[PDB]
């Protein structure tokens, strides 16, 4: 019955993604969101960012044999959100104790000592709002950094430092 006003995702078909092989479903609503970086190249145009989208989905599939790209959603510095596993499918991104209960969104780039552009941040913040809108995320959603759920520098020092200032970031 209910769409409260969503957000605009670049379909898999658009960034030319290999078909997903995953069947494991995330149980809806989800309470946690885990933010990370791909520690890969950055892209600032819709065109390069679709390339970036497929290179990451390919390390993940052709080299680690996962069923699809690890994250549920990706984020480009071009201000757009590329669709990964989406809101419904479980997705390898932060350890087995955390993959079944959270959504993983990953900024595409390495923000160890670089900050994402205001558009990247608006992209993500608005995505979560759409999530709450469809009811795929619960309004009590808690945003957690990846370093907060496992021994990794992700999502990078300078973007980590930033997500902490968000309304939903929890201890």
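Positions refer to the first chain, counted from 1. Note that the rigid core is defined as the largest set of C-alphas that superpose within 1.5 Å between two forms.
- When the other structures are laid on the shown form by the rigid core, the stretch among 5 to 13 and 150 to 158 with the greater C-alpha deviation in 8 other deposited structures of this protein turns out to be 5 to 13.
- The stretch with the higher mean CA B factor, choosing between 6 to 14 and 153 to 161, is 6 to 14.
- Just going by the entry, 109 to 117 versus 60 to 68 on mean CA temperature factor gives the higher value to 109 to 117.
- Sorting 30, 39, 130, 34 by the CA temperature factor given in the entry leaves 130 at the top.
- In the deposited entry, the Cα temperature factor of residue 45 places it in the lowest third of its chain's modelled residues.
- Annotation for residue 26: CA B-factor lies in the highest third of the chain's modelled residues.
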